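Just one chain is shown here, as structure tokens, and it is the form deposited in one PDB entry.
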């Protein structure tokens, strides 16, 4: 019945920490804090509505509480119970929502031992992910530079293929003139040079292929590194959530231990 026992009153936790307790939650989820001013008697109700976290000041004036100048509640508990059963539109028609969902506040050497294990697990899986992320970006750098190098090959090959078509054009009428003059030597000179051109171009397309194959295999490793990072990200938040409540649980009876545990 007392405020100190209510599930939805959290004492002097921070504004930043109710932001984390209300993110992506439903309309009507609510907590009550001690005001950020941490002055006696004042509290702040925070409820979610429209994807935002609304801050309602709970005023205190001579042993009674309320949101406005008609303070008509002897306790903060009955103030919250009234609007747990009536819509806040009764106070502000814009806030057509009632306090639907209270955020409840619960859900020695051996816990120090278990905190140490989960922390060890968390830390080395944090190094697991920090390693893939540098390999993910190191692989990303090498890919986009291999991609531009392939577009460089494309441009050189385009420039050389037009060199073949200008050779086959401006040479046709001269080859045809040479052959009926019986000048095989002048024709061989044109073919000697044409064949050298045709040999270098094929050397370049082979170098393009070898890079296309080197890229396609590296772009697959890139996707696979993304796969297993996405598999670690959720397990990593889980491991973090347990150590946080273990460290808080141990803070209630063993501050001296955490001071030396890690």
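Numbering follows the first chain given and starts at 1. We call the rigid core the largest set of C-alpha positions that still match within 1.5 Å between the two forms.
Participant: Taking only the other compared entries that model residues on either side of residue 39, decide whether it is unmodelled in at least a third of them.
Facilitator: Comparison shows residue 39 dropped in at least a third of the other entries.
Participant: How much of the deposited sequence is absent from the coordinates between residue 107 and residue 108: none, 1 to 3, 4 to 9, or 10 or more residues?
Facilitator: Going from residue 107 to residue 108, the model skips 4 to 9 residues of the deposited sequence.
Participant: Compare the mean C-alpha B-factor of 68-76 with that of 173-181 as given in the PDB entry, and name the stretch with the higher value.
Facilitator: The entry gives the higher C-alpha B-factor average to 68-76.
Participant: Is the mean CA B factor in the deposited entry higher across 111-119 or across 86-94?
Facilitator: The deposited B-factors put 111-119 ahead on the C-alpha mean.
Participant: Could you say which of 33, 38, 217, 54 has its CA atom at the highest B factor, as listed in the PDB entry?
Facilitator: The C-alpha B-factor peaks, among 33, 38, 217, 54, at 38.
Participant: Considering only modelled residues of the same chain, in which third does the CA B-factor of residue 209 rank: lowest, middle or highest?
Facilitator: Ranked within chain, residue 209 CA B lands in the lowest tercile.
Participant: Where does the C-alpha B-factor of residue 13 rank in its chain, lowest, middle or highest third?
Facilitator: As the PDB entry reports it, the C-alpha B-factor of residue 13 lands in the middle third of its chain.
Participant: Is residue 223 in the lowest, middle or highest third of its chain when residues are ranked by C-alpha B-factor?
Facilitator: Lowest third of the chain for residue 223's C-alpha B-factor.
Participant: Which third of the chain does residue 28 land in by C-alpha B-factor: lowest, middle or highest?
Facilitator: Its C-alpha B-factor belongs to the lowest third of this chain's values.
Participant: Quick check on the deposited entry: does the C-alpha B-factor of residue 186 sit in the lowest, middle or highest third of its chain?
Facilitator: According to the entry, residue 186 has a C-alpha B-factor in the chain's lowest third.
Keep in mind that the form deposited in another entry is missing from the display, and what follows is about it.
Participant: Could you check which of 78, 86, 181, 151 shows a C-alpha shift of 2 Å or more between the shown form and the other one after a rigid core superposition?
Facilitator: The one that moves 2 Å or more is 181.
Participant: After superposing the rigid core, is the C-alpha displacement of residue 250 2 Å or more between the shown form and the other one?
Facilitator: True for residue 250: a C-alpha shift of 2 Å or more.
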